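> Quick one: the structure is below, questions incoming.
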Amino acid sequence: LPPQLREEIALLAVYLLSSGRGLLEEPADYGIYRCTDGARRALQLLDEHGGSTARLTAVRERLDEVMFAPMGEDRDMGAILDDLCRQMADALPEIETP
Amino acid sequence: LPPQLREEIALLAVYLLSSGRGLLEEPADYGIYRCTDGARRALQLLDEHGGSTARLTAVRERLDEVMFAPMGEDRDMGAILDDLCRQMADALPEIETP
Amino acid sequence: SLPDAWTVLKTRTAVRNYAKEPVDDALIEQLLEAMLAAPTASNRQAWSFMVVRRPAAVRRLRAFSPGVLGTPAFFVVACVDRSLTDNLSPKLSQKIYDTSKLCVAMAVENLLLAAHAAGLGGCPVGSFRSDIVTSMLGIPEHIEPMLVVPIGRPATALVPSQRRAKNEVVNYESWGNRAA
Amino acid sequence: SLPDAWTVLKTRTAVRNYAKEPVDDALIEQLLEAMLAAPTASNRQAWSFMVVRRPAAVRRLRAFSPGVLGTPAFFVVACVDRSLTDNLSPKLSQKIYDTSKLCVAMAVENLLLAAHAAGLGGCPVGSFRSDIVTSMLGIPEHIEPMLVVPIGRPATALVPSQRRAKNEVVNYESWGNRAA
Ligand SMILES: *Cc1cc2c(cc1C)nc1c(=O)[nH]c(=O)nc-1n2C[C@H](O)[C@H](O)[C@H](O)COP(=O)(O)O
Ligand SMILES: *Cc1cc2c(cc1C)nc1c(=O)[nH]c(=O)nc-1n2C[C@H](O)[C@H](O)[C@H](O)COP(=O)(O)O
């Protein structure tokens, strides 16, 4: 594995571990964004090394808008997550290994 | 990127997205294990391609015991997460890219 | 030799660590034949089941099932067939639709017992994204997925769970008589 | 000798004709111990069970259970304990309340398997008057009866049922592939 790639996975592991611990001292609607930000970082890892085809990018760009929006906005998190799950499901066959 | 590696990152993204949505219909102490299982899968991704040196493995093996333990056991999740964060912090300099 | 039933029934434990060694097709067919002998309401058999085992499909279904730990040999998905339960008023529909699921759970239990008697392991998982798997597997609209169960060979030794004493959950002839 | 599990799992049939010969207490306790090994969601064990066997109480419960045919040796009533499933919004309550019943059905299946391996018979019955038995047995309000199962020695020979072929209810890797 390339040294930069190796670091990126490990630093992703620290974020998930740190977020999990810091969920004991934060509100109840916070594991939603930690997982949403975790999915954002995994897909951001792909296109930084040339692994996003055409729709793996369109989800990371929509994940960006939801994550970087100003706080306090009344967003239906259930509806957008359902749509993103549907989009990402349609993109897996393009990268399927036989 | 190797085709198997490309799939593994994307399937990790689906898990975080699916867990985030399914956190709206599950108890309040469930984002703890989703992040702990997310950190388990990121480190499991490293040693499956030869990226775990000596302590990146000792955390994924301790993460396994906590995750695979029978449910209902009274475990101090704060103490073990603090220890794992401390161990993982000591292992980053070994893989630091200059 | 084939195990005596009473030792097997007590020993079954949820298995979440599975080994890479795959399960051959004849064993899968025999387990599926053993699991269809469950009771069904009025002999209606209002259920559907699916077997996923291709190495790519098992890992794609695993991602959309956050409650599943470890990568099993194959997946069995149990559903309730709603086509054979609608009649007259919606009250009767609810009455014959809950009972339909109560009988589907028994088939899953039979499957786990059969797959444990053979030296494998399994655990029912209910926390999964229903719509996504329905779209992925091509399941029609009148068939509703209920439970996703992985089956495979345990990777580590089995470890029992901790359960409340018999007195706490069982009463004789009246509520509160945990002695008779 | 104790039966091999695979022959026992296929042979279990619903028994509705029971003989007058009673079942001794040690066997009842052993069957109850075998039936508590079922899986439960998150190891919560949100269930309650009751054993009725006094000759008068079994016949009074039988009348209020029209779906029960024949007079068994004893009755086991399985309920879901709702005290340990309420939390936050009612949506989570429904989510953790359906799953609670899905695990209670498995215990009934285990009980029938254990009582068939011993030479007895049984059949789950869902058509019963819920409120009347709750009042008669003193069951509190937070405990909801689900299934009433009679257990006893079969009076006549066992006769299997007629079931749809494996192809009809099982598909491989896609909806419609009843071959692979
Ligand atoms: C699963 C189930 C079976 C029932 C139920 C309810 C449920 C949830 N209720 C029954 C009832 O009220 N009366 C009755 O006679 N049987 C009931 N059953 C069992 C079912 O009818 C039989 O088991 C089936 O029809 C015969 O199959 P078999 O192979 O066991 O003979
Ligand atoms: C009955 C049931 C058990 C489940 C379910 C759902 C139902 C309806 N869902 C589970 C899940 O999503 N994840 C998981 O790990 N287990 C699930 N289980 C089983 C249950 O958690 C275990 O079987 C139990 O906690 C341990 O008991 P054991 O004696 O078998 O080890």
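Chains as they are written, first to last, in our numbering: chain A, 1 to 98; chain B, 99 to 196; chain C, 197 to 376; chain D, 377 to 556.
The C-beta atom is built at its ideal place from N, Cα and C for all residues, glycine as well.
1) Identify whether D/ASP380 lies in helix, strand or coil by the three-state DSSP scheme.
2) How would you label D/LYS396, buried or exposed, when you count the other beta carbons within 10 angstroms and need 16 or more for buried?
3) Does ligand 2 have even one heavy atom less than 7 angstroms from the beta-carbon of D/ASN486?
4) Please tell me whether C/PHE245 has its Cβ less than 8 angstroms away from any Cβ of chain D.
5) By Cβ distance, which residues of its chain are closer than 6 angstroms to D/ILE472, with the 5 residues on each side in sequence left out?
6) Taking 7 angstroms as the cut-off, is the beta-carbon of D/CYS479 closer than that to any non-hydrogen atom of ligand 1?
7) Could you tell me whether the Cβ of C/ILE328 comes closer than 8 angstroms to any Cβ of chain A?
8) Comparing the CB of C/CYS319 with every heavy atom of ligand 2, is any distance shorter than 7 angstroms?
9) Start and end of the alpha helix (DSSP H) containing C/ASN363?
10) Could you tell me how far apart the beta carbons of D/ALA449 and D/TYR394 are, in whole angstroms, since I believe they sit closer than 8 angstroms?
11) Can you tell me where the alpha helix (DSSP H) with B/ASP162 in it begins and where it stops?
12) Can you grab the Cα-Cα spacing for the pair B/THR195 / D/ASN543, in whole Å?
13) Give the residues of chain C in contact with A/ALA13, contact being defined as C-beta atoms less than 7 angstroms apart.
14) Between the Cα of C/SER357 and those of C/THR209, C/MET302 and C/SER323, spot the shortest distance and give me the residue it belongs to.
15) Let me know the alpha helix (DSSP H) ranges lying completely inside the region 420-497 of chain D, each 4 residues or longer, listed in chain order.
16) Tell me whether the beta-carbon of C/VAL345 lies closer than 8 angstroms to the beta-carbon of C/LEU307.
17) Should C/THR295 be flagged as near chain D, meaning a C-beta pair shorter than 8 angstroms?
18) So with CB distances below 9 angstroms, who are the chain B contacts of C/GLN358?
19) Give the residues from the region 307-327 of chain C that approach chain A closer than 9 angstroms (Cβ to any Cβ), ordered along the chain.
20) Following a CB-centred definition, is D/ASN419 positioned closer than 7 angstroms to any heavy atom of ligand 2?
21) Which residues, taken in chain order from the region 250-272 of chain C, show a beta carbon closer than 9 angstroms to some beta carbon of chain A?
22) Which residues does DSSP pair with D/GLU520 in a beta bridge?
23) Hey, would you say the C-beta of C/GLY266 is under 7 angstroms away from at least one heavy atom of ligand 2?
24) Below 8 angstroms between beta carbons is the criterion; list the residues of the region 137-149 of chain B that meet it against any residue of chain A, in chain order.
25) Is there at least one non-hydrogen atom of ligand 1 closer than 7 angstroms to the beta-carbon of residue 366 of chain D?
26) Terminal residues of the continuous alpha helix (DSSP H) containing C/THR330?
27) So, using beta-carbon positions, are A/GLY20 and B/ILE130 closer together than 8 angstroms?
28) Can you look up residue 558 of chain D in the DSSP assignment and give me helix, strand or coil?
29) Taking a cut of 9 angstroms between CB atoms, which residues from the region 201-218 of chain C lie near chain D?
30) Using only CA atoms, which one of C/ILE224, C/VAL304, C/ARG256 and C/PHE260 lies nearest to C/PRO235?
31) Name, please, each residue of chain B whose Cβ falls closer than 9 angstroms to the Cβ of D/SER418.
According to the structure data:
1) strand
2) exposed
3) no
4) yes
5) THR461
6) no
7) yes
8) yes
9) 362-365
10) 7 angstroms
11) 154-166
12) 57 angstroms
13) By Cβ distance, chain C contributes nothing, its closest Cβ being about 17 angstroms from A/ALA13, past 7 angstroms.
14) C/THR209
15) 431-439 and 466-493
16) yes
17) yes
18) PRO168, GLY170 and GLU171
19) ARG325 and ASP327
20) yes
21) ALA252, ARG256, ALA259 and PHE260
22) D/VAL456
23) no
24) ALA137, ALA140, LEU141, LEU143, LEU144, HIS147, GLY148 and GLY149
25) The structure shown does not extend to residue 366 of chain D, since chain D is modelled only from 377 through 556, so no value can be given for it.
26) 326-333
27) yes
28) Since the first residue shown for chain D is 377 and the last is 556, residue 558 of chain D is missing from the structure and cannot be characterised.
29) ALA201, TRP202, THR203, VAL204, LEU205, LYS206, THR207, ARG208, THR209 and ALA210
30) C/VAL304
31) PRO125, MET169 and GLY170
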